[PDB]
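The chain below stands alone and is given in structure tokens; this is the form deposited in one PDB entry.
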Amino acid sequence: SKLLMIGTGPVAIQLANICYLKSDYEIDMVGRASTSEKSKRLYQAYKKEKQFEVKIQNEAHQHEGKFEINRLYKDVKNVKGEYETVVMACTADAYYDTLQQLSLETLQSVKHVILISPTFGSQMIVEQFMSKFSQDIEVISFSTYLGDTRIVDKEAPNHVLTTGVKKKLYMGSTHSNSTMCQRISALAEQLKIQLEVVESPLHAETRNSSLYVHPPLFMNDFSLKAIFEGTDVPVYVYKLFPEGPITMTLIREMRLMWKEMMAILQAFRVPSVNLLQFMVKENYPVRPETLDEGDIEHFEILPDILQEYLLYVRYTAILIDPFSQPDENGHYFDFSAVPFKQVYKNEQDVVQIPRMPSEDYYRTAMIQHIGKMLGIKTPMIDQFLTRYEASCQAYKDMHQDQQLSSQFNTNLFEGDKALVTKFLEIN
């Protein structure tokens, strides 16, 4: 029994250690060391030491350990042979591009595909693609990765550190209560990670707060300026204007996107997301005096303006960490002083757009395309994308002397969109 782990970043390393300790699969891993200095460094490090290592901080987690794998591939094209299980530990916008590079023999052997950090509609894309090779492929989607895992030293990228673990994760499968789902559930039990099993992967894919909040926070004129052009003075992702983007306008844009998504979800008969309850009970808490318990519970019943007021207030309450130990002057930890990553040059001197908002463009584009196919209007989504696209075009015209990545290109994701088109036609 063989497993292919796609990805060589810290997430893939943490997951491979779990497979190593708690599964019976022979484990191969594959990055893009042929084309990325990052993957190259990982390959060189593994090649030298011949082991990976996970460490933990807050103990009472069985994620730690040194392990080795069977084969580290340098490039997806090099992958050979049969694999019943493939774990996608890359970014969701690479699922199609990487799978489509595997061999026919490899693709026909795959029985289960596990999506660690999918977006809304990842499963649909992946299932429709695999359906051409397997007859009954199982696709599993998690809501998010299980925590935070980082490289503490860039010259030892085979050594990774898992710092925090999420309170709750969700998981759904195209094969309900499959034997594979059951072993994951039992595995979560071992790791002391609460896992709620959900009836569909799509439903799991919607239990991600960053789906609803990242596009409002990054795809507005203030944030997009900070990212593509810069500011005279540092600004911060989570602060109120002028220190950051957050305003009544941003918050309205946030409720409008949530409601457009709740429209799509209803079509699929997927339960709605109590966004405020999600933020307050699963992400970070606020003091009791800040929000009324009845308002958080009934968030979805409440008038639009009160929904916005509660969301605004939520964000003001975590300008600090109100549970941190105050200063002798009453000053708490500046929880909200998170800078924007700006655009930046490669080792090959190529301009890249950081993950936020480049990942949010893909995710938002897919929701757009899904919304279009159901005849569901997404006017707020629509404006998020035109804004991002106008900043990409503006960067092109203003930086003609610079090598730019494919992220600045028009008409991306055609393969992905065709596959959800075809999936929804059939279903």
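Numbering starts at 1 and runs along the sequence shown.
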>> Mean Cα B factor from the PDB record: higher for 311-319, or higher for 169-177?
In response: 169-177
>> Please compare 72-80 with 197-205 and say which has the higher mean C-alpha temperature factor in the record.
In response: 197-205
>> Among the choices 296, 86, 240, 353, identify the one whose CA B-factor in the record is greatest.
In response: 296
> Going by the entry, which of 291, 248, 156, 115 has the most elevated CA B factor?
Replying inline: 156
> residue 364: which third of its chain by C-alpha temperature factor?
Replying inline: lowest
> Taking the entry's C-alpha B-factors for this chain, is residue 225 in the lowest, middle or highest third?
Replying inline: lowest
>> Looking at the temperature factor on the CA atom of residue 424, which third of the chain's modelled residues does it land in?
In response: highest
>> Could you place residue 64 in the lowest, middle or highest third of its chain by Cα temperature factor, using the values in the record?
In response: highest
> In terms of the CA temperature factor given in the entry, to which third of its chain does residue 389 belong: lowest, middle or highest?
Replying inline: middle
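There is another form of the same protein, the form deposited with a small molecule bound; it is not shown, and what comes next is about it.
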>> So the small molecule isn't shown here. In the entry with it bound, which residue out of 223, 173, 122, 117 has a non-hydrogen atom within 4.5 Å of it?
In response: 117
> Just one of 200, 91, 316, 131 has a heavy atom within 4.5 Å of the small molecule in the entry with it bound. Which one?
Replying inline: 91
>> Against the small molecule in the entry with it bound, would residue 387 count as a contact residue? Criterion: heavy atoms within 4.5 Å.
In response: no
> Do residue 32 and the small molecule come within 4.5 Å of each other in the entry with it bound, heavy atoms counted?
Replying inline: yes
> Does residue 38 reach the small molecule in the entry with it bound, with heavy atoms at most 4.5 Å apart?
Replying inline: yes
> Do residue 419 and the small molecule come within 4.5 Å of each other in the entry with it bound, heavy atoms counted?
Replying inline: no
> So which stretch, 271-279, 94-102, 288-296, 123-131, is the one near the small molecule in the entry with it bound (non-hydrogen atoms, 4.5 Å)?
Replying inline: 94-102
